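Colleague: After the structure tokens below, expect a handful of questions from me.
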Amino acid sequence: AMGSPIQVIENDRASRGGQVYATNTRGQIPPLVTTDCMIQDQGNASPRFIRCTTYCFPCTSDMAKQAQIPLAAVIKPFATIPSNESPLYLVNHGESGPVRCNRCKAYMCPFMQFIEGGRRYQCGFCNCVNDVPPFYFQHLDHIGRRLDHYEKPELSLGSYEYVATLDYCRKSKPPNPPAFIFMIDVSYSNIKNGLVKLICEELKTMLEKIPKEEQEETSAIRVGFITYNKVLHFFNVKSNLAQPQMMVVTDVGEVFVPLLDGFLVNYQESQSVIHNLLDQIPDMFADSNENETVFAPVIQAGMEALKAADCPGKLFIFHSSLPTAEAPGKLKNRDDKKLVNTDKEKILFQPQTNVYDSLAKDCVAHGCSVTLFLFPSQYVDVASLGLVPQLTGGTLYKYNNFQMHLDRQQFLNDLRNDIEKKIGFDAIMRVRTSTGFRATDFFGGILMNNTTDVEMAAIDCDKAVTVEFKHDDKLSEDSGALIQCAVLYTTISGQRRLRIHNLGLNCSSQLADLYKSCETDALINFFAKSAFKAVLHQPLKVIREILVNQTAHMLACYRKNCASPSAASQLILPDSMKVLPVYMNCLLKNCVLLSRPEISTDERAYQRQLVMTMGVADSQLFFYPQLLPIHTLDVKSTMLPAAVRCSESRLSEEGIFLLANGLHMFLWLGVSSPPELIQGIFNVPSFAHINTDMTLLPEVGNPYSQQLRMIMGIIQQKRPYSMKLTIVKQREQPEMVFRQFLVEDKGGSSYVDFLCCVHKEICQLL
Amino acid sequence: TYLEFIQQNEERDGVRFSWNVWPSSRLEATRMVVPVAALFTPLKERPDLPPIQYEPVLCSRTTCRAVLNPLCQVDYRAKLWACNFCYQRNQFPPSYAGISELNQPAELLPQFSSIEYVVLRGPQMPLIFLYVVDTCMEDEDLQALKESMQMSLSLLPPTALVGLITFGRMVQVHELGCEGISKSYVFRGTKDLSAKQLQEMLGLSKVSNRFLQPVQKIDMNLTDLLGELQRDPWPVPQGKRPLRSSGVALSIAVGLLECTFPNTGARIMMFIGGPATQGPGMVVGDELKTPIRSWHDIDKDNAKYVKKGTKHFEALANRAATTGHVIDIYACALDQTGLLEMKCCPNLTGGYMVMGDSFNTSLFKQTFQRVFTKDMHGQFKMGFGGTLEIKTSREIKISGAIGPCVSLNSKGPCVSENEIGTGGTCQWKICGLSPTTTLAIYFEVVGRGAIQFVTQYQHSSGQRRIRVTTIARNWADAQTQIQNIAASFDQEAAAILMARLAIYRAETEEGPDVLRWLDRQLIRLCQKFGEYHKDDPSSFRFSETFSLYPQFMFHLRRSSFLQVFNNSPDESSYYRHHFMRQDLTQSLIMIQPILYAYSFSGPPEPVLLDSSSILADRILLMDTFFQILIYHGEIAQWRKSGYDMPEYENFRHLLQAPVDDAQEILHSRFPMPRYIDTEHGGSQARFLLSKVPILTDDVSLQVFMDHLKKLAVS
Ligand SMILES: [Zn+2]
Ligand SMILES: [Zn+2]
């Protein structure tokens with residue numbers, strides 16, 4: 001009888017929700033990602049920005065090897081700070097630039113001990129001593145606290161922003177504001193399913209919402225336009241035109257941009273000329289009979305346009321099907337089963353040609369990021385298409401078997417979202433640590449050429465990078481472990497900027513403190529991205545064994561070193577890892593690590609990329625969904641209903657439920673569902689009068705339909721992807737797809753199966 | 001008279017032979033210094049002739065296959081005719097049945113030795129004018145060029161197909177009639193393309209299109225596009241030349257027609273405003289530090305682009321000829337455009353080559369409109385896709401041709417072993433020709449001899465036609481009638497035919513041995529047909545049928561056509577292109593310019609091209625074909641003093657008299673010449689005085705004859 005995930009989440013919500021979490025302590029343990037609470041920085045970076053697997057590091061290397069607890073931080077460096085919480089301040093250190101340690105190269109942060117009348121400060125990271133520059137000097141108090149400790153935010157807060165001087169810029173020159181380039185697949189597939197008109201028609205409205213700062217009246221982002229169907233149709237939309245021009249490029253082997261002016265123009269200047277273009281493109285290709293398309297040249301061109309304008313940018317590719325036309329990046333249909341017990345399965349999750357890596361390297365080297373709206377109806381090789389959007393830090397939206405009457409609203413909401421996303425460009429992240437340990441591995445939509453600088457072409461508020469540390473030398477239980485995540489980047493107004501995140505952590509030689517300071521939602525986050533990245537290199541039966549044996553090796557070490565003596569018939573778990581067996585068992589049930597029967601390689605590749613970009617708030621939900629009972633729902637007096645364990649055992653033939661994991665949202669209906677509810681929600685008399693194939697939003701019932709619409713809205717709030725609703729009648733229905741989300745069931749081995757599996761190898765260690 | 005025989009045969013048959021009486025043996029023919037050869041103008045102006053509305057009757061022998069002509073014997077009783085070339089007996093078509101000695105068909109009447117038939121191919125095809133426009137030029141030159149292009153557009157027939165390609169850093173093939181949006185296909189101006197590749201990339205079927213569309217349908221759309229065209233947008237750094245991809249745009253221009261309308265009449269009119277800098281066809285580097293090739297540069301092996309660039313246009317020219325299309329080059333720029341590299345395109349096809357300072361000059365705009373001169377019926381004076389076949393009597397064999405032609409390498413009994421110029425064939429292909437188009441056919445010997453010239457061309461208005469010219473000249477026994485042979489000598493025609501040969505040797509690997517060979521023949525001609533006692537130079541005299549020939553050689557060996565080192569490589573190419581294209585009359589004007597004198601004492605009379613004719617009280621009018629100069633004798637003071645005064649009515653007319661004739665020539669001549677008004681001591685007087693072992697140096701005409709006199713007598 002183990003504490004359920006629900007019992008733990010609601011427990012922490014009771015004792016910590018509705019309370020101020022003030023990050024004023026070194027090894028302080030923040031609440032769960034599942035606990036809505038207010039946060040005051042007070043010297044340490046918010047857990048919305050960065051969370052850790054353990055907030056108290058083992059002090060030596062051998063001690064960490066004992067527990068085998070992975071030391072990692074999940075950095076969401078531009079995460080959406082709630083409206084009621086204190087925002088970041090921007091610090092300008094003059095022509096000199098931000099004050100940094102001469103040896104550590106760490107930026108001025110509250111971890112800098114000022115000494116010697118304030119003339120010199122000792123670095124908190126490498127204990128080096130620096131000369132306080134004259135313009136930045138101040139006296140120190142009895143304590144030493146600078147007089148402006150609470151006045152200058154870089155000395156009191158954990159999160160803030162720096163102004164970057166010209167030596168932080170490409171070519172040492174002020175960069176240019178970025179540009180959005182919209183590129184539409186116009187093959188017969190996207191013509192027929194009415195996709196083209198929609199993007200174009202819908203696009204006119206959307207451009208207005210292009211991001212801009214409060215300090216500027218008109219968005220500094222310029223806009224470019226392209227269509228394609230194995231041939232590239234560029235477009236000239238200069239302001240001084242009555243009619244837009246078209247320039248068609250046919251040399252797909254050696255692509256180029258036929259323009260410089262009239263391509264990437266200010267929308268508010270070229271408004272009438274752009275609307276004139278979007279009105280036409282539907283009619284222009286309405287009678288196109290072309291099916292073959294190209295892909296890699298489209299990224300190749302939008303990247304080239306951005307280099308020609310000497311500016312960063314973001315590509316908005318809208319694609320339909322598998323690119324087959326003879327060109328670079330020509331993808332074949334290569335779905336062949338060599339996944340289990342083959343030692344070569346890693347091929348399926350890798351791109352076919354070698355160019356997509358080189359193409360991705362070129363985009364990052366020039367600050368070009370690719371975001372892709374894919375509309376498949378057949379095999380597409382997500383492993384190949386999504387590789388450039390991932391490495392460039394962009395997002396990927398897949399809409400399996402798009403139909404306008406259904407998935408229109410889902411796609412438009414994803415598209416409005418990605419435009420208005422708060423974006424930074426041409427970014428490079430660097431994670432400096434104190435003495436004794438260093439960042440040795442990185443996970444996310446990133447690219448890395450050396451072993452320290454994490455290059456992100458674009459980065460939004462939803463991206464999150466997972467960073468692994470290893471032991472360099474022995475730490476000190478007095479000073480502990482420090483972390484400083486810095487992200488140099490260019491803004492949507494063209495300014496060079498540094499966002500700084502500082503986090504202090506405790507150190508101890510006692511294993512008890514190491515286990516007492518663990519977070520499961522973050523430990524699950526690391527193990528997933530670690531395993532998902534290992535999919536490319538090692539067999540899945542190897543990866544699952546490593547995850548299992550590292551889990552048992554963590555729990556046995558706790559059994560044989562911390563626990564007060566207990567009987568041999570007991571599995572003893574720490575409070576920080578109450579639910580770690582449940583979640584870990586769900587990761588081993590996920591299709592990325594599971595078997596061929598009934599799941600496309602595309603679906604395995606899509607999820608393998610989705611998780612790689614997630615923060616802890618999102619990685620938690622995707623692996624343990626939220627199951628809400630709707631029949632028992634209070635009416636008109638509603639907060640979010642209490643959650644219910646993910647299992648078929650918790651469903652009722654008389655009930656209605658709402659399962660969501662961040663990407664799909666299922667409405668489940670039992671055979672004996674009360675017809676009173678089915679009428680007040682679906683406007684049909686009985687259960688047998690519903691159609692599963694009609695999964696569009698209903699609206700009429702005032703009493704409940706509004707209550708059901710309300711809880712769906714608050715579930716969707718923090719969620720970056722807008723979820724595909726799927727309605728399930730109970731028996732003999734598309735329930736098979738639904739049942740895979742009930743993660744505590746068998747389906748691999750169930751929850752109580754994996755618990756008992758952990759306890760056999762926890763005693764095999766003996 | 002023999003001077004009337006020449007004038008009446010040039011006028012009737014468009015032919016002019018070096019000899020009108022031929023030697024009856026190969027041996028004595030060799031010793032005659034000038035070979036049996038003729039300047040043939042296939043489409044000579046002849047408004048007296050009707051266009052006959054039926055198919056020409058042909059000789060039934062496959063190897064002969066000549067056309068019925070007045071020299072063919074006719075037996076009206078048996079309804080048969082004997083071909084005068086192979087002696088085959090030939091039956092008549094049943095539609096001729098009523099033929100009689102007094103009501104004979106037209107092709108048999110000697111008045112119709114030259115005649116034109118109207119064929120019935122069955123497909124009437126429209127003309128195709130493909131514009132290829134350079135956009136690396138100041139807004140002045142481009143705006144004027146747009147007006148010249150809108151003007152040419154108005155003159156084309158309604159059914160004609162027009163097409164627009166523009167180029168600069170890129171190359172754009174525009175889609176016409178695409179309304180509501182302007183679209184074009186773009187290609188890197190640095191990579192070559194084949195016609196098959198371009199057919200695929202543009203998405204075209206094999207063998208009106210989206211790119212070539214009728215004038216009447218797209219007149220409004222093309223003129224709107226033409227008026228909206230602006231200069232190459234890509235900037236030009238300091239000390240650098242614009243990136244101009246002329247070699248690529250033409251390779252795309254030729255290919256665009258090669259895969260859409262092959263084997264039909266079409267003009268690829270390429271207007272360039274500067275040298276191609278982005279290869280292939282690369283004429284010179286992109287940096288202004290280096291200058292364009294000079295004759296001394298290319299001589300010192302110091303023009304690193306010439307051999308590469310020429311071979312591109314060379315292969316490009318043969319493609320267009322083999323397809324059957326014309327390549328014009330309208331090249332106006334303040335410096336060279338690479339005409340030397342591109343000369344093969346208007347030289348092997350029948351294209352024009354127009355040079356100029358800028359497209360915004362009265363010179364260019366006028367010259368361009370003369371291209372589209374219409375005949376008396378509103379049809380262009382152009383013909384397309386011409387096959388020139390020549391049959392000879394069994395005693396004569398064709399050497400080859402010189403001029404706007406491409407060999408079809410069709411062997412036969414009339415082909416000689418030793419060939420000359422474009423030889424080894426009895427058929428040539430002339431893609432674009434005009435009434436003036438004039439070739440030079442060369443013959444070889446081994447009771448009259450006869451030669452037939454058959455030309456099948458596509459007249460404008462899509463009417464397929466065949467032009468037939470049958471000539472005969474007398475056989476003579478050179479051991480008994482040299483006098484009868486020397487009386488038929490055409491000194492004028494023999495002069496051009498030799499210059500035609502001597503300049504063809506100048507393009508080949510042969511060097512200044514041309515002058516050496518040119519004089520070796522001149523000396524041979526004096527020794528054979530000269531009156532003299534041996535070793536008495538003063539005794540030597542000329543027959544009046546020959547006296548002018550040495551003076552022609554004098555002005556030829558010192559002309560621009562063979563002394564290039566005072567001109568630019570593009571200028572020398574411009575001159576030679578026109579000379580091997582002209583009839584006898586204009587060809588003579590090129591070699592020996594015509595000098596007229598005007599004075600108060602007598603009407604205007606032609607004078608000697610020597611400094612003696614330059615007199616203080618004389619106004620001179622010089623006429624080399626390419627420029628018209630007016631020289632005021634030291635009259636210059638009467639002009640500078642303003643003698644407008646009503647008393648000197650006559651002096652106002654003397655100044656006006658040569659100008660009035662100059663304006664006449666400034667509308668008639670197709671390559672409208674440069675005009676020069678200068679006087680005694682003027683800066684531009686240089687253009688007159690200059691125009692005024694090896695045989696001799698740049699020595700006067702009198703010393704030239706003296707050295708020639710003493711050599712012919714020893
Ligand atoms: Zn330091
Ligand atoms: Zn015959």
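Naming scheme: A, B, ... for chains in displayed order of the structure tokens; residues 1 onward per chain; ligands 1 onward as shown.
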Using only C-alpha atoms, which residues sit within 12 Å of residue A:44 once same-chain residues fewer than 2 positions away are excluded, as a ChimeraX atom specification?
Modeller: /A:21-30,39-42,46-51,109-111,153-160,482-484,500-505
Colleague: When the cut-off is 7 Å and you count only C-alpha atoms and all ligand atoms, which residues lie near ligand 1, shown as an MDAnalysis selection string?
Modeller: chainID A and resid 101:106 123:128
Colleague: Neighbouring residues of residue A:385 were defined as those with any atom within 12 Å, considering only C-alpha atoms; residues of the same chain fewer than 3 positions away were excluded. Please report them as a compact mmCIF listing (two decimals) with C-alpha atoms, in the first residue's frame.
Modeller:
```
# COMPACT_ATOMS: atom_id res chain seq x y z
CA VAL A 294 11.16 19.29 -51.28
CA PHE A 295 12.10 20.10 -47.70
CA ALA A 296 15.78 20.67 -46.92
CA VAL A 298 13.22 25.34 -47.93
CA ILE A 299 15.18 25.55 -44.69
CA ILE A 317 7.22 26.15 -42.18
CA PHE A 318 3.79 24.65 -42.91
CA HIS A 319 4.26 21.21 -44.46
CA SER A 320 2.01 18.39 -45.67
CA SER A 321 3.65 15.05 -46.45
CA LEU A 322 6.84 13.05 -47.01
CA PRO A 323 9.29 15.00 -49.23
CA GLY A 329 17.32 15.82 -48.18
CA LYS A 330 15.26 13.51 -50.42
CA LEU A 331 13.64 11.13 -47.94
CA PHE A 349 15.15 7.67 -34.74
CA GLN A 350 17.96 9.18 -36.82
CA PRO A 351 17.64 11.25 -40.01
CA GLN A 352 18.30 9.45 -43.27
CA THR A 353 20.64 11.85 -45.07
CA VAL A 355 22.65 16.95 -44.68
CA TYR A 356 20.08 17.63 -41.95
CA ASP A 357 22.84 17.81 -39.33
CA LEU A 359 21.87 22.16 -42.38
CA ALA A 360 21.02 22.44 -38.68
CA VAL A 370 12.90 26.52 -37.66
CA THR A 371 9.38 25.94 -36.35
CA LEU A 372 7.40 23.34 -38.28
CA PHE A 373 3.63 22.79 -38.57
CA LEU A 374 3.38 19.27 -39.97
CA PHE A 375 0.10 17.89 -41.35
CA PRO A 376 0.82 14.23 -42.12
CA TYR A 379 4.64 8.07 -42.99
CA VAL A 380 6.71 11.25 -42.94
CA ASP A 381 9.89 10.35 -41.01
CA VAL A 382 9.53 12.68 -38.04
CA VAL A 388 16.41 20.77 -37.67
CA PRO A 389 13.52 22.32 -35.65
CA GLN A 390 14.86 20.59 -32.53
CA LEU A 391 18.53 21.53 -32.92
CA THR A 395 8.97 23.70 -31.89
CA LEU A 396 7.18 21.02 -33.90
CA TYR A 397 3.41 20.68 -34.35
CA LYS A 398 2.09 17.43 -35.83
CA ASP A 602 6.55 8.66 -36.31
CA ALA A 605 9.86 9.98 -32.78
CA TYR A 606 7.39 12.82 -32.15
CA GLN A 609 11.38 15.14 -29.38
```
Colleague: How would you report the residues lying within 10 Å of ligand 2, as a PyMOL selection string, if you count only C-alpha atoms and all ligand atoms?
Modeller: chain B and resi 58-68+72+82-90+391+393
Colleague: Generate a file of the selected residues that holds N, CA, C and O atoms, formatted as a short mmCIF file (atom, residue, chain, number, x, y, z; two decimals), in the first residue's frame.
Modeller:
```cif
data_model
loop_
_atom_site.label_atom_id
_atom_site.label_comp_id
_atom_site.auth_asym_id
_atom_site.auth_seq_id
_atom_site.Cartn_x
_atom_site.Cartn_y
_atom_site.Cartn_z
N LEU B 58 11.13 19.40 -110.61
CA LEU B 58 12.49 19.01 -110.27
C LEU B 58 12.97 17.86 -111.15
O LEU B 58 12.17 17.06 -111.65
N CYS B 59 14.29 17.78 -111.34
CA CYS B 59 14.88 16.72 -112.14
C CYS B 59 14.76 15.38 -111.41
O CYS B 59 15.06 15.29 -110.21
N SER B 60 14.32 14.35 -112.13
CA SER B 60 14.00 13.07 -111.51
C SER B 60 15.23 12.29 -111.06
O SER B 60 15.06 11.25 -110.41
N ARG B 61 16.43 12.73 -111.40
CA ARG B 61 17.64 12.06 -110.92
C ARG B 61 17.93 12.49 -109.49
O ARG B 61 17.97 13.69 -109.19
N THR B 62 18.14 11.51 -108.61
CA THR B 62 18.24 11.80 -107.18
C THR B 62 19.50 12.61 -106.86
O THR B 62 19.46 13.52 -106.03
N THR B 63 20.62 12.28 -107.50
CA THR B 63 21.86 13.01 -107.24
C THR B 63 21.85 14.41 -107.84
O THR B 63 22.48 15.32 -107.29
N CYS B 64 21.14 14.61 -108.95
CA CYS B 64 21.04 15.93 -109.57
C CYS B 64 19.95 16.75 -108.89
O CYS B 64 20.24 17.65 -108.09
N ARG B 65 18.70 16.44 -109.22
CA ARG B 65 17.53 17.04 -108.57
C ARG B 65 17.52 18.56 -108.73
O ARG B 65 17.22 19.30 -107.79
N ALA B 66 17.86 19.03 -109.93
CA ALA B 66 17.85 20.46 -110.19
C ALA B 66 16.44 20.93 -110.54
O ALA B 66 15.51 20.14 -110.71
N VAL B 67 16.28 22.25 -110.66
CA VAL B 67 14.98 22.87 -110.90
C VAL B 67 14.87 23.22 -112.38
O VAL B 67 15.85 23.61 -113.02
N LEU B 68 13.66 23.07 -112.93
CA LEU B 68 13.41 23.43 -114.31
C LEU B 68 13.74 24.91 -114.55
O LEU B 68 13.41 25.77 -113.73
N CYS B 72 16.92 24.31 -120.00
CA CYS B 72 16.47 22.94 -120.20
C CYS B 72 15.77 22.83 -121.55
O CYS B 72 14.81 23.55 -121.82
N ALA B 82 14.61 17.98 -120.85
CA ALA B 82 15.91 17.41 -120.54
C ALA B 82 16.66 18.34 -119.60
O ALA B 82 16.90 19.51 -119.93
N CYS B 83 17.03 17.83 -118.42
CA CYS B 83 17.76 18.63 -117.45
C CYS B 83 19.15 18.96 -117.97
O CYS B 83 19.90 18.07 -118.37
N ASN B 84 19.49 20.25 -117.97
CA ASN B 84 20.76 20.68 -118.54
C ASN B 84 21.95 20.33 -117.66
O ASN B 84 23.09 20.55 -118.08
N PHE B 85 21.73 19.80 -116.46
CA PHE B 85 22.84 19.51 -115.56
C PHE B 85 23.29 18.06 -115.66
O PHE B 85 24.49 17.79 -115.80
N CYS B 86 22.35 17.12 -115.58
CA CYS B 86 22.68 15.70 -115.63
C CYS B 86 22.19 15.00 -116.89
O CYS B 86 22.49 13.82 -117.07
N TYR B 87 21.45 15.70 -117.75
CA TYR B 87 20.94 15.22 -119.04
C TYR B 87 19.82 14.20 -118.90
O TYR B 87 19.47 13.54 -119.88
N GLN B 88 19.23 14.07 -117.71
CA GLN B 88 18.11 13.15 -117.53
C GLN B 88 16.90 13.62 -118.35
O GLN B 88 16.64 14.81 -118.47
N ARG B 89 16.18 12.65 -118.92
CA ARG B 89 14.88 12.94 -119.52
C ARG B 89 13.83 13.02 -118.41
O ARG B 89 13.77 12.14 -117.55
N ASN B 90 13.01 14.06 -118.44
CA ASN B 90 12.06 14.32 -117.36
C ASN B 90 10.68 14.61 -117.93
O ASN B 90 10.52 15.49 -118.78
N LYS B 391 23.87 23.67 -107.50
CA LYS B 391 24.23 22.67 -108.48
C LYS B 391 25.12 23.30 -109.54
O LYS B 391 24.90 24.45 -109.94
N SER B 393 27.51 22.47 -113.33
CA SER B 393 27.78 21.57 -114.44
C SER B 393 28.90 20.61 -114.07
O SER B 393 29.74 20.91 -113.21
#
```
Colleague: Which residue, A:248, A:464, A:573, A:514, has the smallest gap to chain B when you use only C-alpha atoms?
Modeller: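 Under the stated criterion, the closest residue is A:248.
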Colleague: Assign secondary structure with DSSP using the backbone only, and return the residues of stretch 157-263 of chain B in helix (DSSP H, G or I) as a ChimeraX atom specification.
Modeller: /B:195-201,215-228,246-258
Colleague: Applying 8 Å and only C-alpha atoms, which residues near stretch 589-591 of chain B remain after dropping the ones on its own chain fewer than 2 positions away? List them as a count of residues only.
Modeller: 14
Colleague: Show me a table, sorted first by chain and then by increasing residue number, of the residues of chain A having an atom at most 7 Å from chain B, each with its shortest atom pair and the distance in Å to one decimal, counting only C-alpha atoms and written as a tab-separated table.
Modeller:
```
residue	atom	partner	partner_atom	distance
A:243	CA	B:181	CA	6.4
A:244	CA	B:181	CA	6.3
A:245	CA	B:182	CA	4.9
A:246	CA	B:183	CA	4.3
A:247	CA	B:184	CA	5.1
A:248	CA	B:185	CA	4.6
A:249	CA	B:186	CA	5.3
A:250	CA	B:201	CA	5.6
A:251	CA	B:187	CA	6.9
```
Colleague: Restricting the calculation to only C-alpha atoms, which member of B:348, B:676, B:354, B:396 is positioned closest to residue B:473?
Modeller: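 Result for the nearest residue to residue B:473: B:396.
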Colleague: Do you know which residues are at most 12 Å from residue B:502 counting only C-alpha atoms, after dropping those on the same chain fewer than 6 positions away, and could you put them as a PyMOL selection string?
Modeller: chain B and resi 402+420-421+495-496+508+510-519+521+553+556-557+561-562+576+580
Colleague: Considering only C-alpha atoms, return as a list in words whatever protein or nucleic-acid residues lie within 9 Å of residue A:758, sequence-local ones (same chain, fewer than 4 positions apart) excluded.
Modeller: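 Contacts, in chain order: residues 548, 549, 551, 552, 555, 571, 581, 753, 754, 762 and 763 of chain A.
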Colleague: Using DSSP assignments from the backbone, pull out every residue in stretch 31-203 of chain A that falls under strand (DSSP E or B) and give it to me as JSON, numbers by chain.
Modeller: {"A": [38, 39, 40, 50, 51, 52, 54, 56, 57, 58, 72, 73, 74, 75, 90, 91, 100, 107, 113, 114, 115, 120, 121, 122, 129, 130, 131, 140, 146, 159, 160, 161, 162, 163, 179, 180, 181, 182, 183, 184, 185]}
Colleague: Could you list, as a ChimeraX atom specification, every residue within 12 Å of residue A:242, counting only C-alpha atoms and ignoring same-chain residues fewer than 3 positions away?
Modeller: /A:236-239,245,270-277 /B:180-182,228
Colleague: Taking C-alpha atoms for each residue, export the selection above as a compact mmCIF listing (two decimals), in the first residue's frame.
Modeller:
```
# COMPACT_ATOMS: atom_id res chain seq x y z
CA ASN A 236 8.49 40.59 -53.44
CA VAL A 237 6.34 42.76 -51.18
CA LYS A 238 8.16 46.08 -51.07
CA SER A 239 6.10 48.97 -49.73
CA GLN A 245 5.83 40.05 -57.61
CA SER A 270 3.57 46.75 -46.78
CA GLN A 271 0.16 45.90 -45.30
CA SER A 272 -1.97 46.38 -48.42
CA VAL A 273 0.56 44.58 -50.61
CA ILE A 274 0.71 41.60 -48.24
CA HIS A 275 -3.06 41.19 -47.95
CA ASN A 276 -3.17 41.33 -51.75
CA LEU A 277 -0.73 38.40 -51.77
CA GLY B 180 -3.10 39.93 -61.30
CA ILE B 181 0.47 38.95 -60.37
CA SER B 182 3.86 39.38 -62.04
CA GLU B 228 7.80 48.92 -65.19
```
Colleague: Atom CA of residue A:750 and atom CA of residue A:649 are how many Å apart?
Modeller: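 If I compute the distance from atom CA of residue A:750 to atom CA of residue A:649, I get 12.8 Å.
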Colleague: In Å, how far is it from atom CA of residue A:289 to atom CA of residue A:228?
Modeller: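 Taking atom CA of residue A:289 and atom CA of residue A:228, their separation equals 12.9 Å.
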Colleague: Of the candidates B:481, B:428, B:441, B:143, which shows the shortest atom-to-atom distance to residue B:17, using only C-alpha atoms?
Modeller: B:441
